[PDB]
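# A structural walkthrough
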Amino acid sequence: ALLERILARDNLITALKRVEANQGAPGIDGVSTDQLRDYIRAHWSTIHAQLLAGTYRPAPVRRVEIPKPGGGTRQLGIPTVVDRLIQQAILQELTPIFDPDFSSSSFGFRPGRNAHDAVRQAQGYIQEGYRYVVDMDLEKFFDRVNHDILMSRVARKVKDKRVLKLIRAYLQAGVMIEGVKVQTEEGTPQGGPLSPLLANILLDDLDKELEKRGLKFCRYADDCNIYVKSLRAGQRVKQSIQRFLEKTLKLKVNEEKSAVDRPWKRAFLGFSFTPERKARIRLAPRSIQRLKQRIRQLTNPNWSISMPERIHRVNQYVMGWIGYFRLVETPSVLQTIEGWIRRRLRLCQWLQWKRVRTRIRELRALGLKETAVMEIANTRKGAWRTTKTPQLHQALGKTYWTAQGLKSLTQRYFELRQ
DNA sequence: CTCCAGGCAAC
RNA sequence: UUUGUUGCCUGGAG
Ligand SMILES: Nc1ncnc2c1ncn2[C@H]1C[C@H](O)[C@@H](COP(=O)(O)OP(=O)(O)OP(=O)(O)O)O1
Ligand SMILES: [Mg+2]
């Protein structure tokens, strides 16, 4: 059966290689991903037989406080490298059980389904005429999943009694705070390999309820949004779905994140819209500011690495960042930020030549006319003031940086579009 | 299509 | 320090 299908050698080996490639910090027994192969070889005959007998209880998850981009504290649950391996072996077998019957409008944590599909369908509804959105998010979503309602939904397709006892055992296994087990009443661990799938199993009935209601929607994780023709119809369905998820699935709504507002005034998965009739996708103001804050720390303030290294470090971030944010339809702001990136990268190049004699030595070697070299080498202006001056743009502008190995932001934006 | 070193994003 | 999933991307062994 399913526990036998989970404990199959090929399914365990692929699950092992995942946590190995993850390189995640150890659980509460302190054993690392590096020791994971050596640890299971010694403890396998026990682990295998003790969970075959239904006597196996997993070790508690490690509490780690990480800050969220919103500001608040996110509590993580880090399982034992074995407890991460076992959950993986459960996930790998539970995906073909649950995934095909998941919603067409479900996009979160799913194989072959991305954030772009969630936005393309989202712009496709407002383009059709549904020019109002009911954006919704859930209060501490992974912390608030009810154990009884969840395994009710797990038992719907899974008939094997041994795995239902095993998943419950993982859910019931507590946390370690000051060397003591702290039993869990509600919540699936924020860091359990299986836990993102269990999140989709619970809210599949919410998907089924919305599909029965005949509503045009997009869901990614707990961040769900329904696309309506009007503000009156949106406000109406804002309360009736809140009542549904609070009663039938027992979940609390984050009212600070949830709104009935216009799609272009709100952000969805790092993207926003334009007030146009056929609405174009734009960068959300949070996503622009997260980029700008990252470039400020990547470019040298009082930092000390090699500049050819720095250019490559800027390269790997920007080219990756544009890989996700290729979906935006406004290249104008993308043209500005690349110019801003060049402008910011000019600042740390200007301070590198600290001496006035080195300033003249390099600018004359670059090709710039002596008339302009001596005019700006001994200037009294500030460091950020000098980076916008006509002469520093001539010696060190667009043509210089591209020759120095800086990969252009806009060039690869159109390359990924083509 | 599977796996390895790394990176970007969403959650 | 910092976990997990999912998508994509650069390079590599098949
Ligand atoms: N880095 C992560 N690692 C593991 N799980 C994560 C991570 N980020 C998000 N999740 C999971 C747990 C969250 O409950 C769920 C939905 O994300 P999100 O709404 O941002 O957080 P949240 O619901 O815990 O907080 P909030 O109460 O502030 O809305 O996705
Ligand atoms: Mg939430």
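See the structure printed just above.
Right, let's walk through the structure included here.

## Considerations on the site of ligand 1
- Around ligand 1, a shell composed of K68, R74, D137, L138, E139, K140, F141, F142, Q190, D222, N254 and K257 is seen.
- In the model, an oxygen atom of ligand 1 is placed 2.8 Å from a nitrogen or oxygen of the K257 side chain.
- Coverage of ligand 1 by the protein chains reaches 71% of its 590 Å² of free accessible surface.
- Class assignment for the residues of the shell around ligand 1 results in 3 nonpolar, 2 polar and 7 charged.

## Topic: helix α8 (residues 195–202)
- With 7 of its 8 residues buried, α8 lies for the most part within the structure.
- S195, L197, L198, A199, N200, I201 and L202 are the residues of α8 that are buried.
- Elements that come into contact with the buried residues of α8 comprise α4 (81–98), α6 (147–154), α7 (161–172), α9 (204–212) and β6 (216–220).

## Quick notes on the protein's contact with RNA strand C
- Taken together, 24 residues lie around RNA strand C, and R18, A25, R110, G112 and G191 are the ones closest in.
- Each atom of RNA strand C within 4 Å of the protein was assigned to sugar, phosphate or base; sugar and phosphate come to 77%.
- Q88 places a side-chain nitrogen or oxygen 3.0 Å from a phosphate oxygen of RNA strand C.
- One of the backbone nitrogen or oxygen atoms of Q190 is found 3.4 Å away from a base oxygen of RNA strand C.
- Mapped by element, the contributors of at least two residues to the surface near RNA strand C are α2 (9–22), β1 (61–67), β2 (73–78) and α4.
- Considering each element in turn, the surface near RNA strand C owes the most residues, 4 residues, to β1.
- Of the residues assigned to the surface near RNA strand C, the class counts are 11 nonpolar, 8 polar and 5 charged.

## Section: the state of the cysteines
- A full pass over the atoms with the stated rule returns 0 disulfides.
- In this structure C224 is not part of a disulfide, and its nearest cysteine sulfur, from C218, lies 8.5 Å away.
- Using a relative accessible area of 6% as the deciding quantity, one classes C224 as buried.

Rules of the game
Residues numbered from 1 in each chain as written, not as in the entry; some residues may be left out. Chains lettered and ligands numbered in written order. Heavy atoms only, no water. Residues with missing side-chain atoms left out of burial classes, pairs and counts. Near = heavy atom within 4 Å. Polar contact = N/O pair within 3.5 Å; in protein donor to acceptor, adjacent residues only side chain to side chain. Areas by Shrake-Rupley, 256 points an atom, 1.4 Å probe, with all protein chains shown as cover. Nonpolar A, V, L, I, M, F, W, Y, C, P; charged D, E, K, R; others polar. Buried < 20%, exposed > 50% of the residue type's maximum accessible area, 1.4 Å probe, protein only. Helix = DSSP H or I, 4+ residues; strand = E, 2+ residues; numbered from the N terminus. Contact = heavy atoms within 4.5 Å. Disulfide = S-S within 2.5 Å.

Shape is all these values report; function is a separate question.
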